[PDB]
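I have placed the structure first, in the form of structure tokens, so that the comments after it can refer back to it.
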Amino acid sequence: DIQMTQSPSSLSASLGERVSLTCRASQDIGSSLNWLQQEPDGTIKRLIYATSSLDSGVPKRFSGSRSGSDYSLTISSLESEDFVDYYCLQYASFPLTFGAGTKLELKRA
Amino acid sequence: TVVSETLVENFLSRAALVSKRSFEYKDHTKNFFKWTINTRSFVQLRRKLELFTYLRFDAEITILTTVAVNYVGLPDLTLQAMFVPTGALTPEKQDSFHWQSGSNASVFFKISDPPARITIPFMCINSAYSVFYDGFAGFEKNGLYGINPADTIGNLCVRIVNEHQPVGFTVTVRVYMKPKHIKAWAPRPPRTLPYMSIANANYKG
Amino acid sequence: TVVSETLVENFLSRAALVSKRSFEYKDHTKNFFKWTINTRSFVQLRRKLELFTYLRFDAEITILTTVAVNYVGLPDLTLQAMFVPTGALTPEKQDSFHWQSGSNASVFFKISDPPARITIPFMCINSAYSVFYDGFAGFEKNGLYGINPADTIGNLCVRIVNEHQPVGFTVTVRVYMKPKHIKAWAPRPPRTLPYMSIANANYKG
Amino acid sequence: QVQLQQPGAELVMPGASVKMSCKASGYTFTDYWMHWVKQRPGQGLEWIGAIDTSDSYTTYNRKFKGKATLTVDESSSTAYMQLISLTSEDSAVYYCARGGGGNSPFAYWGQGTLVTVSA
Amino acid sequence: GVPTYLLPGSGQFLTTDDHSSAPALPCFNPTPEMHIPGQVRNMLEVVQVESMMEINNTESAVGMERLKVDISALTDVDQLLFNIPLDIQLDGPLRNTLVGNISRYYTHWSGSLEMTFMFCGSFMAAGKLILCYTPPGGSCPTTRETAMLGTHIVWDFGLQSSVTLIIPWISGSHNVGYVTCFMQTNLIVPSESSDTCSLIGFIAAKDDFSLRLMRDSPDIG
Amino acid sequence: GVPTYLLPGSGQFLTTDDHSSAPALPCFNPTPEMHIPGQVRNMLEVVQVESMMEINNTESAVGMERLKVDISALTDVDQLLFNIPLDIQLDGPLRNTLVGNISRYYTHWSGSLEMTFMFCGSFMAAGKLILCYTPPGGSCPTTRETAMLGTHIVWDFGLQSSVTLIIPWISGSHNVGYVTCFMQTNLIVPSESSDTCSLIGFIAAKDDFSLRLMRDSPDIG
Amino acid sequence: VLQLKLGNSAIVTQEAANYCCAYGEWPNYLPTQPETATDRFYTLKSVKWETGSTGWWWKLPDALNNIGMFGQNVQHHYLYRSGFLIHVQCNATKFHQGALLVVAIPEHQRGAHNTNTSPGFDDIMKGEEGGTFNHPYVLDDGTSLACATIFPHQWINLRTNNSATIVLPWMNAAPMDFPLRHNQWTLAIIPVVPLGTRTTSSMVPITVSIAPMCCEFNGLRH
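Residue numbers (the deposited numbering), protein chains in the order written: chain F, 1 to 109; chain A, 47 to 48, 54 to 80, 88 to 128, 135 to 269; chain A', 47 to 48, 54 to 80, 88 to 128, 135 to 269; chain E, 1 to 119; chain B, 1 to 174, 188 to 234; chain B', 1 to 174, 188 to 234; chain C, 13 to 43, 54 to 244. A prime marks a further copy of an entry chain.
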């Protein structure tokens with residue numbers, strides 16, 4: 001199965017400090033990709049689909065871009081509820097696979 | 047009420068616009091576009107070529123450049145249209161040398177002039193192009209379905225030769241492709257259902 | 047997966068940019091450039107020609123001129145491209161007569177027009193050019209190593225015919241050279257190591 | 001208006017495997033796909049398979065081939081999940097998505113079930 | 001050199017022009033041509049191949065049964081089975097065919113067509129039918145005898161399993190023809206065989222079918 | 001005079017075009033052509049010349065010993081000596097050769113290759129080796145017998161001092190082949206001779222080796 | 013009645029005359055050969071054809087991936103070019119009605135309904151088991167079945183002829199191809215007219231035979 005490499009697997013950031021997550025695929029999936037938000041309660045919610053396109057009702061702080069060899073998820077401003085598990089998925093061809101994931105952490109003492 | 056033109060050569064050969072793009076140029080104080095020049099994008103030429111399985115033709119590319127206004137007057141820009149064949153890696157460090165390498169074929173044309181017209185020959189490993197390829201890409205064992213690595217013509221790269229010009233005009237480039245020396249094999253049924261995606265044959269209905 | 056083009060004539064012959072220069076022109080209240095048109099500067103053509111020892115070809119020079127903007137509009141300048149063969153001393157008293165002497169070959173071309181294209185013949189004392197010369201320059205006994213005085217084509221001198229024009233535009237000149245009638249002898253090994261200097265064969269590693 | 005419901009837990013011992021219910025409301029069930037996603041407590045997302053509503057055509061993963069069995073019902077506009085021979089190794093939170101013509105997206109999700117097996 | 005003057009319309013870009021241009025990659029030899037079965041040098045060879053007509057087009061008709069016309073044993077004598085319009089641009093049974101889909105790229109079409117009918121029912125099915133054609137402006141038949149005034153043939157289920165019909169050179173460009194089929198006698202099937210049989214129509218093009226004036230296909234999808 | 005009209009694309013500058021232009025210095029006679037040994041009219045003649053493969057490529061391998069593979073008398077039976085990938089674009093033993101460096105200016109390459117092995121050890125060295133080739137997707141040999149299922153030859157140090165190997169027409173463009194070598198028997202050397210010997214591999218091109226589609230060399234330096 | 017004997021085996025068949033040559037040509041040799059090693063007709067598993075049967079498809083050589091002697095040479099060599107002789111014989115009595123369309127689709131790109139996701143490896147190559155038509159009216163590639171007759175085909179009618187024989191030469195852009203990657207032809211049996219009978223449900227078996235006649239192999243390994 002075509003594997004989606006999501007890096008970095010973890011990061012530590014405070015409120016603000018925009019950080020983008022980059023995924024890389026061994027094959028070309030075209031413009032078809034999806035991003036999913038995973039809440040600690042067990043409920044998954046979509047955020048970004050088909051690059052620049054976004055979900056209705058989700059605030060504009062979520063954004064994405066493509067260098068053409070990579071897929072990036074850019075968040076303008078972070079928050080206290082913005083700590084989740086992000087994953088990049090390829091729905092272009094069966095089977096559908098999931099990325100590695102990143103767990104956002106807060107800098108503390 | 048009440054066979055010369057019915058030939059395949061006259062049927063498949065027509066001038067159509069396979070690429071339409073206009074880059075916004077006002078103040079940069088970059089400008090370029092590349093595309094795989096494939097027939098699956100323009101919808102009328104796609105279904106036109108979905109009738110046949112294998113095709114052998116020489117692509118004839120003609121670049122038409124028009125400049126719009128966003135009275136100053138229209139200056140004459142110098143444009144460079146370079147064809148990048150398959151197999152040339154593109155590590156773009158723009159403002160320096162890849163475009164100007166003597167390996168790739170380039171052409172220079174002004175704004176006011178007869179449209180630049182070049183004829184791309186037949187570049188393939190096999191005997192003819194494959195419109196319908198049943199299989200997977202390369203040998204990855206799970207490699208991409210519906211795309212044959214054996215047939216790729218290349219990328220058409222066009223940029224402006226001159227440096228930044230202080231105008232707010234937008235340059236519009238039109239690329240027409242009329243195939244010649246067309247040879248057909250294995251005609252297939254037409255596809256009535258709409259095209260959901262250009263990457264594969266999936267239908268909606 | 048799965054001899055015509057392999058010939059040396061098609062292999063060494065390609066259009067490449069051997070000189071890139073843009074002179075700053077705003078207000079002078088001079089403008090010109092000369093260079094030895096040698097193949098050791100452009101890095102891809104150098105190693106391209108380092109494969110062979112002696113070479114016989116006729117250089118074909120084409121000058122492409124583009125004017126940038128630093135809406136006014138682009139006026140049409142008149143440029144003069146003069147070729148200075150080896151042996152002509154250059155005591156430059158500009159604004160007066162050397163350029164206009166009838167001995168040197170000159171060509172006039174406008175900004176908007178087909179690019180000026182001239183074919184320089186084969187000028188040598190010996191039978192062919194020497195890419196690899198083992199010895200010293202002339203007989204000085206300690207004379208310069210690695211440069212053969214026997215082979216020098218000349219200098220390419222280009223200036224604008226018209227006087228100072230009150231514009232802030234910068235003129236960009238591009239010179240392409242495609243050799244023809246190429247004859248090869250004594251092929252050598254390619255050089256993998258980078259070029260430290262164009263004056264000799266020293267390597268870094 | 002439109003949502004997905006898959007309540008319950010249903011812990012079970014080996015020798016038999018429980019079968020999922022996925023019910024949809026708010027859209028025409030016959031015109032849209034049904035997907036499945038498996039959330040493992042080891043933070044695995046591993047995907048199960050997709051089923052068409054109109055036909056019985058399904059798609060299964062290599063490692064999950066021969067285990068999972070998909071079936072749907074257009075009368076009740078629901079979706080079922082049939083496993084076989086679950087052991088103490090398999091435990092996870094099951095999800096079922098929709099998709100569609102464009103994007104075949106994941107936009108709507110269920111609440112999730114807690115599956116914990118023990119010997 | 002040779003003095004020349006520019007003619008009116010010089011330098012323009014024409015879409016339909018044919019001229020030689022400078023090649024992009026000289027000294028390149030394309031791959032030689034291997035012999036590939038089924039070389040098509042003319043679009044008429046694709047049209048001359050028989051295609052399926054859909055006669056079952058009605059309300060709530062979708063899928064595989066649009067290709068067949070159900071005939072049961074409870075039908076009466078002299079009942080109209082169907083009518084096939086010959087209009088290519090409008091939607092008849094001929095909307096999607098091999099002759100129809102190719103003709104939509106053109107305007108003027110002239111030539112003689114052909115229709116082939118095949119009975120897919122059981123071997124013991126008895127009875128006879130009638131196959132008639134309507135000339136342009138031909139007073140479409142009310143019941144039977146009006147169809148008999150033209151070219152017709154009596155076709156039996158038991159003897160001939162196929163139909164050969166040559167239609168004389170229709171014409172159209174940018188209500189003329191029709192095909193009428195009725196029940197000559199009742200359908201006789203045994204007790205073990207099913208009551209409902211079906212048929213499949215076919216259409217092809219003769220050697221005199223001609224085309225010209227290329228245009229764009231009206232159907233985007 | 002003769003009326004003419006400008007064709008689309010007139011006046012443009014093409015890089016690959018070939019046309020005659022006005023000479024810069026007329027009435028100038030170039031130096032006549034003396035006969036110079038080694039006139040090369042084709043790039044394939046340079047490729048057909050044998051070149052050195054570097055088989056010793058490893059970690060911390062720099063300099064002259066990258067051309068040879070050390071074989072001592074303490075080695076055991078059936079130990080893998082090396083493997084040679086046939087990929088030109090990637091880096092194998094073939095990265096820098098006469099066939100490799102010229103092929104990097106092209107994309108599509110098709111032809112039959114040849115490999116020559118020479119034993120540089122002493123005269124009294126005994127023992128035998130095995131020389132095998134791997135077909136594309138050929139289940140790379142674990143130890144020995146898997147390599148034997150293909151084309152192979154048993155080569156002796158004492159009898160033949162050279163190797164002639166013809167490889168059947170590989171192909172590549174923008188894991189297929191391999192070369193497997195093992196130890197048939199132990200290396201037998203006398204007391205006065207050194208324990209360590211070496212080998213030198215060679216590769217050339219046959220007469221069917223073809224090239225096309227010129228491009229730029231990937232290696233800047 | 014006439015038995016067709018090829019190799020060490022044979023199958024009782026109807027009289028074979030004026031058989032259909034795909035695109036009017038026959039699988040000649042490329043200008054060792056398996057006229058002995060892999061020769062004989064390989065009979066696939068008989069499929070049960072009922073009233074609600076949409077159809078079946080076997081890609082070439084998908085159903086042949088591992089079959090008998092031919093299954094060895096698939097992964098054994100590097101390349102091949104092979105012709106195919108397909109004989110589909112459907113045995114039924116005179117009281118059964120229906121029609122079966124046996125058509126060979128060269129270069130068949132499959133598809134899905136109401137989604138943009140491309141099928142995976144297990145969905146394309148099913149091996150010997152073979153697939154089932156999801157929507158046989160649209161052929162699953164998006165085209166129409168009405169104009170699908172442009173390919174080589176034969177008609178199996180329980181009235182006239184209960185069997186069909188189709189010969190497929192080598193159709194490819196390349197002289198040879200990869201065994202486990204690309205599928206040159208496709209074998210499809212399309213039941214345009216469904217089954218009908220006095221009883222509510224019946225079963226009509228279908229036998230399919232494929233002979234890789236006049237082929238070659240290169241790139242010996244393993």
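Ideal placement from N, C-alpha and C gives every residue a C-beta, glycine not left out.
For residue i, which of the options has the nearest alpha-carbon?
i: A24 of chain E; options: E:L4, E:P14, E:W33; result: E:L4
i: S26 of chain F; options: A:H228, A:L103, A:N206, A:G151; result: A:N206
i: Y86 of chain F; options: F:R61, F:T22, F:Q3; result: F:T22
i: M147 of chain C; options: A:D198, A:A192, A:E204, A:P253; result: A:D198
i: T73 of chain C; options: C:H244, C:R220, C:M235; result: C:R220
i: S56 of chain F; options: F:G64, F:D1, F:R46; result: F:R46
i: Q131 of chain C; options: A:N266, A:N219, A:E227, A:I119; result: A:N266
i: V69 of chain A'; options: A':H79, A':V59, A':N89, A':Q102; result: A':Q102
i: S32 of chain F; options: C:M91, C:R62, C:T139; result: C:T139
i: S231 of chain C; options: C:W207, C:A22, C:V13; result: C:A22
i: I262 of chain A; options: E:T71, E:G102, E:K65; result: E:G102
i: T87 of chain E; options: E:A9, E:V18, E:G8; result: E:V18
i: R238 of chain A; options: A:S170, A:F74, A:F62; result: A:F74
Strictly under 8 Å for the Cβ-Cβ distance: is residue i near chain A' by that measure?
i: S230 of chain B'; result: yes
Could you check what DSSP says for residue i in three-state terms: helix, strand or coil?
i: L6 of chain B'; result: coil
i: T5 of chain F; result: strand
i: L113 of chain B'; result: strand
i: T59 of chain E; result: strand
i: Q38 of chain F; result: strand
i: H108 of chain B; result: coil
i: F143 of chain C; result: helix
i: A24 of chain E; result: strand
i: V69 of chain B'; result: coil
i: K219 of chain B; result: coil
i: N42 of chain B'; result: strand
i: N168 of chain A; result: coil
i: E54 of chain B'; result: coil
i: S206 of chain B; result: coil
Measuring only between beta-carbons, confirm whether residue i sits less than 8 Å from chain A.
i: residue 130 of chain A'; result: Residue 130 of chain A' falls within a stretch that is absent from the model, since chain A' runs 128 to 135 with no residues between.
i: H19 of chain B'; result: no
i: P213 of chain A'; result: no
i: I2 of chain F; result: yes
Does residue i come within less than 8 Å of chain F when only Cβ atoms are used?
i: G207 of chain A; result: yes
Just confirm the distance between the C-beta atoms of residue i and residue j, as a whole number of angstroms; I'd bet it's less than 8 Å.
i: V163 of chain B'; j: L86 of chain B'; result: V163 of chain B' to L86 of chain B', Cβ: 17 Å. No contact.
i: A66 of chain A; j: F100 of chain A; result: Not a contact, Cβ separation roughly 12 Å.
i: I217 of chain A; j: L113 of chain A; result: With a Cβ gap of about 12 Å, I217 of chain A and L113 of chain A do not count as contacting.
For chain E, is any of its Cβ atoms less than 8 Å away from the one on residue i?
i: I29 of chain F; result: no
i: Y71 of chain F; result: no
i: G142 of chain C; result: yes
Do residue i and the ligand MG come close, with the Cβ less than 7 Å from some heavy atom?
i: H130 of chain C; result: This structure simply doesn't include the ligand MG, nor any ligand for that matter.
Verify the CB distance criterion: does residue i have a CB-CB separation below 8 Å to chain C?
i: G102 of chain E; result: yes
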